[PDB]
Every structure is written in structure tokens, then in C-alpha cells.
Amino acid sequence: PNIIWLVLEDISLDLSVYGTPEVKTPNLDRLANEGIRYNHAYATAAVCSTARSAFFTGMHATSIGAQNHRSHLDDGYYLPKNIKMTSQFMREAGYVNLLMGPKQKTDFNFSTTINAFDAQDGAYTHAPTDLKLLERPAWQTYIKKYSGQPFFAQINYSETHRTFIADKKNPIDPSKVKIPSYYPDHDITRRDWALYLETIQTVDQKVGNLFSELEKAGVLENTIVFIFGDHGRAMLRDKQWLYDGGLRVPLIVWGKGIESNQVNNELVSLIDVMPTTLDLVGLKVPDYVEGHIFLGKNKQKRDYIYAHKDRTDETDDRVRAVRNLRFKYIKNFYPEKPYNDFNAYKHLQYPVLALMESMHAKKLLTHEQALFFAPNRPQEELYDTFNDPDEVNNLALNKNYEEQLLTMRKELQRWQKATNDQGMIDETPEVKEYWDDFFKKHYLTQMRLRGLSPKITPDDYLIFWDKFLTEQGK
Amino acid sequence: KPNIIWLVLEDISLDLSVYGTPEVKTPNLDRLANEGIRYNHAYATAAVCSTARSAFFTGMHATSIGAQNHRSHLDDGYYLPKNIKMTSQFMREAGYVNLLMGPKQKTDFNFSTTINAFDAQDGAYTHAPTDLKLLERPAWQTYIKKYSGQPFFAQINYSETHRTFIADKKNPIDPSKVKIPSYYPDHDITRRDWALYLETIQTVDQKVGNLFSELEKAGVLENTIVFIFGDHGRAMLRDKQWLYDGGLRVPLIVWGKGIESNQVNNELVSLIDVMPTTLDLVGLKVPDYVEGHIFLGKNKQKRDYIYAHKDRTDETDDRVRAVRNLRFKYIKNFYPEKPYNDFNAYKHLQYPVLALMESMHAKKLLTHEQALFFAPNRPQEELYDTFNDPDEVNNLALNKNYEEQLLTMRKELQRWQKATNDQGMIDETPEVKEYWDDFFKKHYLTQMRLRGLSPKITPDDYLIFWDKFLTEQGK
Ligand SMILES: [Ca+2]
Ligand SMILES: [Ca+2]
């Protein structure tokens, strides 16, 4: 079978098929209903490079030294020889490996000395929906230079990363969207959210167009497709953080031989996609691989999933998470750091951060919304996600949950030792200072293009954000 | 031919005891004033280092010589126009050797030269101990070894009273007793910062006493005339960089040979008048191009007005001009849409009261007078009756009872700009503006991280830092 990994950016379970109001996602809904829809799939981290380094190797990024977003780009650090890329396994089974889709990035926090792919095509701005992915160089090279070989293709879209784009074919009514309780119920929040869902509608159209191309090529009879987000949506407490908003992603498995109308509620981590793919194409998974096979007779159930947060751009941190089907455990190794520690990306791109800072100063946030704006953090957080799906009622200090807290604390310690978590080793001063310098130059370049002061007050910034949203179309 | 000293203090308003300032102890500067001529109406032509100093070293407004942007023309082949001489070129012509002395070994010119500004030299500020021995440093040692047969012109630059302010633990000032202008909040943060400013004045007063004892022992004082003056007004939020009297009005004392004691002068003097007056004292004619007036002696020429300007200040772009007679201040903001509180890294990094006022403004706690600086835009014209409004907080420009005075001063500014061919009316290049905007906004992010602070820190969080900073300073 050919294998496709169709990777969406920065998206939570916000498709219509997952129960989300107002959004129109017919093509992804149809793929889900025609195959298996997963309700408990989790990335191992909540930004691009660490989620993607992980799922392309079947290993948590912390196990392979890739835990800092970004790092090891040009310093002679190579993936350890025992750790193979997905494409090395597929090459062994006779596959040709293709990098397709507008996002021609691997986002690895390491170099390699063999190519990750055999052929490739080449704030983001999303390209028109009428893209013809199969007429670009990766696919053209495949069909012309390779005969009788199955393909493994990673197809990366830029949606739904910011900047969000309007969908004037089916515009979304901001007053009707469902907002998590940890953002303010406010016009700014809802307009930004409406554009997020309209960006999902835009990529949904693109997925429909891809499948039209694939059917026309005649490859849909012997192709299995994994569709999944790299991590959760680009909203303030979701992306970069280890709550369900940052970790839980759509995951659909589809193709001839995959029975339709299945819904799966078992724990899956994105590092499971590689071993499951190997198993699907007849390969044994090496013992070193941390991911589990989640489909077929060889599946291995999980008791837990795990995730990490280490440096993110210039913002240093050290956070770990353990989740079973019911409980989320989070450990902040640096409790003295605020959650809202300076991050240029969040301040530059997220109108709701300005909104919440403005409202926090005026004492207008709800109790649940204000938790993110405390000056420091509890060392441990424990959430009963059955009774508290938005993870705003920390149970870690409630002695009635202490046995559960200690179980999960102990599991995190066991896991860190078994995987030799490399995020426990500080980065060098030269590296941290480099990225401090990098994101000061980026911040100021971007704030300059807007004519705003680097020290702009939240209320003045909101004037800008209202105009920005109006120009986006909401 | 008498020796000439220009003793230049940094960033200081009329805040000496002899000018009527409570609590501060300035016995040495007081005595110098009382032993000579004290000037009550001396004004810089700009309110930051390079533009005021480029001006007083040439007798020309900085705008007349292309030096109006602080800083600029450091390394681009821009030279002082050949008709414009530096003070030291005139003094060289009269047989003087020119000495650059004091801890601040800088000229701060917004232009290059092809002739040295001085003949001998020694070599956030941190102020050196009061026991400094300026005559034991290389400028004076060179003078006495190589040129003792010539009269000297010396510019002696102190670092006080620029920030960071330094505590004076020998005569500590009680913050609860200092006199604060009405446009800053009567608040502990304001008063602690202000007490340290006044203790920094006390520190430089001690140094000035030590300098005069050393000059006396050197045997040169009998044949020396000394001009003591600030380069512009005090390093407080609405004073330095701005064209209110807090930014422009400076101590000025003339003392020594031929200078009769116990004289007080209430006439308009601009710092560009110091050079022509010095030329006249040493027996030179002043060329007609010089914009400064001789203010002392038989050739004195009275002023009707003084003038000042504000153009780019570090990264902050602006265009402001001022005209002042003895009574009225006129200020024209050429870019009224810009707020007064346009981002300036220096003010945000160095001024605790900026964080205090931003915090208080957000809580609606500033008085009406204090809130004027925090408006989102400016009136194109400001007019103040300084006799009745010495803090310049009651703008009369929209009061038709003062329109004749407004139009008189408006017209004088236009006349002056046309007569002097004001170069600040010509935009700087994009390459220059972008260079400095980057340079300083980088500096802001850098120093904020070094203090462990976010560049977007709230004013109230910044005030937690500023309290600890003041405590570490000693107040
Ligand atoms: Ca992503
Ligand atoms: Ca100065």
C-alpha cells in the first residue's frame, strides 16, 4: 500500500465531525466517517519542531535531543545512528519518499547525513485553495523516475497556522462559536476564533481538492492515509502548552481495507504513527522505538501519553506532562516563572493576549481566565478531564486526589529515567543568547512593520488588533 | 591675556541653593555665584548633550550647522561648514593652548572635524569619587610640561548630574522635604529619585570645591575667568529632551579676573552666547556670522529672545521649536499627531518616574497638570506666561486674549527659521533613521532582559524593580 501522512498545522478537535458548531468541514468529516476517527490522539509537544521531530522518528523529542524549539540546526548534531527516520524504514521496504504540500519544511531539531525524502517540491500567508499539488516537482519526479515502487508521502499544509484567513464562501458568525472557558467571552476573542475556524474551512477545501487529484491519478485504491494535526490550535493557552488544547489533535485513518464508521477512544500519541505505518507495510518495529502500534492485530495499548515543553523560541521553560484517559498531570520544573513569560510570537500574533492583559489589569478576567496570568505556577497540576475538560480546576492540592497525583508523579519520574530525558540538561549560554538575539531582532522588525512601540500598552495594542481583524475580514 | 575655563556640568536645572532650592547643600557653587555674576535667565539651545554642546562650542544653534539630530554625522564625512569655526580655533588664534579636562572626555559633536578640537586631553554614567585630582591627569600635566608660557582655554566636563544618580551619605537629603514641580506626582518614588538627583548635585559641588583648591594651589586663579554652566536642564522626564524651562534653563556663573562680586543678572542669555563673550574677553572680534550675543562688557548686545529646538533624540523622531522672551514661552510642535510620550529607550530605561506616571495614568490618578504629558497628541502651538505659570502647565495658545502674543512669537519663529536656514526642516535619510531606531530599541530589549524584566513589563511590575533600584542607590 502507498502511505500518506497528511499533516495539518496547529489544529485542535475543531472539525464539524468532532462536534464543533458552525464550522463547515465536509471533506475531513467524510474521511473520518469513511474510516477510523480518533478522539484521544496527542502530540508529544505543542510546537512544530518538537512535535514533528518526534512523529517522524517514533521517539519523544527529549529522548533524541530535539526538545528545544528550535535547536541543532547547524552545529554538527546528527540524529543518533540507532534512531532512524521514518523514511529510512520505508526505503528499506522499497518505498520512495515524497515531501509534498505547500509547507516544504521538516522542522527537525537536528541535521541528518542522508536525505529525509527522495523527492520534494522545493506569520504565514495561506495560498489559494486551487493548488495542484500533484503537478509540483515531488509527485512529477515520482511518476516519471520511479516505476513499480509504492510511495510514502508527507503532505504538509500551512493551515491552520496564523495568520488566519477569511472564508467568504461560508463566513462564520462570531456570536455563535464555542469558546473555551479560559478565554474571555468577548468580541475580540470571537472574531479571532471565527477566522481560525474559517481557516479550517479553507484547508478542508484543499483536502477535498487533493483527494480529487489522487482519485484522478488512480492511487486511492491502494493508499492508506493518516490525517492529523502536528499539535493543537494557535490560541494563547493551547499551542506551546501541555493542556489538551495544545496536545490533542484530529487523527483519521482512511483507506481501502480500513472499515468505515469506526470511532476510537483509546490513547494514541503521535509517536505511534511511525510504528503503526511500519506495521501496516509489513515491517517489524525495532525494540528501541518508543511509539506503540495502535491498529491491527499487533496493536499495543497505552496506559499513558507524555509530552514536554522546553525552550520555545526565546522563552526558556521546563514542563512535563503525563496523561491517562481521565487525568492530566503537569509538572512545572521552574515554578517561579509565570506562564505569561515573554514570548515574541505570542505577543506579535495573538490578539487575545493583548485582550487578556488589558482585562487582567482592570480585574475583568474570570477566575478561570486569570489562572494563566498569575506571577508564578504551582509545581504540579492535576486535572480530572472527565469533570473538567477545560483543565481549569487544579486538583494537586486536594488531598482526596493525592494518591492519583503520586501515581502520576511517580510515572513521570520513571519515564524520565527510562528515556534519559535530555531536556534535563541545560542548553549552553551561547545558544540561549543567540535565540534571545534572534527574537529581539525578529520582534523589533515585526513591530516596526506595524508602526507600533515595542512597549505598547495592552489597550493601545487592542486598537491595532481591532483594525487588523477588520482587515482580515471579521 | 587671561586663562579661560568653561566648567560644564551635565543635566542640571536652577537647583542650586543660591538659586533658592530648598534642602540641597551647594556651598562651593553658591560661593562662586556670590563672588561673581549669577545669571537667572541662561538657556541652552537644545535639551540633550550633543545638540547643546555642538551649539555652545560654535556660537551657533545646532540647526544652523546641521548638527540638530542627537546623535548624527558621527562618521559620514560631514564636516563643520568651513565658515564655522570651533571655539578653540579662535583661542588658538589668540595664542591659547586648548585643554579638554574633567571625567567626561567627550565633545559630543554631531559632525566631524579635520582640525583637533583640543590640543591636549586626559584620554548611564557612574560618577567617580569626589577625591579626583583633575590637575594630575594628562591634559594639565601636558600643559605645564610643554606649554606653561601660553594662556590656556580649558573645558572641564563633569559627569554629574547625569544618571545614574549617586547618593551623598555625608549630607543625605530628606525626600519628604524636597521641592517637586507640579507636573510630577507628589509621591515617594518621585521624591526618592529627586533626593538622589539633589545629592548628585551636592557631589559635584564637592568636586568643584576640590577643583578650585587645586587651581588656587597651582597659582593660576588670579589671571583666570571661569564660566560655570550646565549643558541643559535636569535629567527628569519632562525636563531633559523637552523645550520647557526645565529642559533649557541652566545655572550660569561668571567668576574671576575683572569680575566684580555680588552681581545678579536677569537678562536673556543663550549658551551660544558663551563663545562670543569669551572671544571678546580675550581681545578678539566676533565674526558677523556668529549667532550668539556678547553678554558681558562694553560690547554687550541685548537679546529680545532665545531660541531652542528638538529634532531626533536617540531614536525618537520629533520636530519642535521654541521662542522665549523674558516673560513668554512659545513652543511649536511640527508633528502634533505624535504623543509627547513617544517611545524613547533612554527615558524608559533610566527614569523611575516614567513608570510611576504610566501606572498612575492608567489608574486615572494623575492630576490634570501631570496628565498633559500623557495625551495621545499635542497642540500644534503652546504658549506660557512664565511669570504667572512658572511650571508651564497652562497653555494659553487657544485663549484669544493672548493671540496677539501668540502671533508675534509665531512670526518670530518663522523669521528666525528663514534667517538661520534651519536644517532641522530637512528630513534625515531612511538609512539613518532606521539605523538608530534599531540601535536603541535593541538597547531597550537588551537592558530589560539584563535586569530580568520583560520588554512588555507592566508599569506596576516595573515599579517593583524601580523601588529596589532606588534602595540600592541609597534612598
Ligand atoms: Ca505546527
Ligand atoms: Ca547633558
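Naming convention: chains lettered A, B, ... in sequence-line order (proteins, then strands); numbering from 1 in each chain. Counting starts at 1 for both ligands and their atoms, following the listed order.
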So, B:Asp193 versus B:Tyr351: side-chain donor-acceptor pair below 3.5 Å or not? no
Kindly indicate whether the side chain of B:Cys49, heavy atoms from C-beta on, has any atom under 4.5 Å from the side chain of B:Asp11. yes
For a 4.5 angstrom cut-off between non-hydrogen side-chain atoms, does A:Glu159 reach A:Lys206? yes
Could you check whether A:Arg311 pairs with A:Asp317 (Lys NZ or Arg NE/NH1/NH2 to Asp/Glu carboxylate O, under 4.0 Å)? no
Assign the ring pair A:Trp241 / A:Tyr339 to parallel, tilted or perpendicular, where the plane angle (0 to 90°) is split at 30° and 60°. perpendicular
Atoms of the protein (N/O/S only) found under 3.0 Å from the Ca ion (ligand 1): A:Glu9 OE1, A:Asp10 OD1, A:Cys48 SG, A:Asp230 OD1, A:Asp230 OD2, A:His231 NE2
Between A:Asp313 and A:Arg70, is there a salt bridge with N-O shorter than 4.0 Å? no
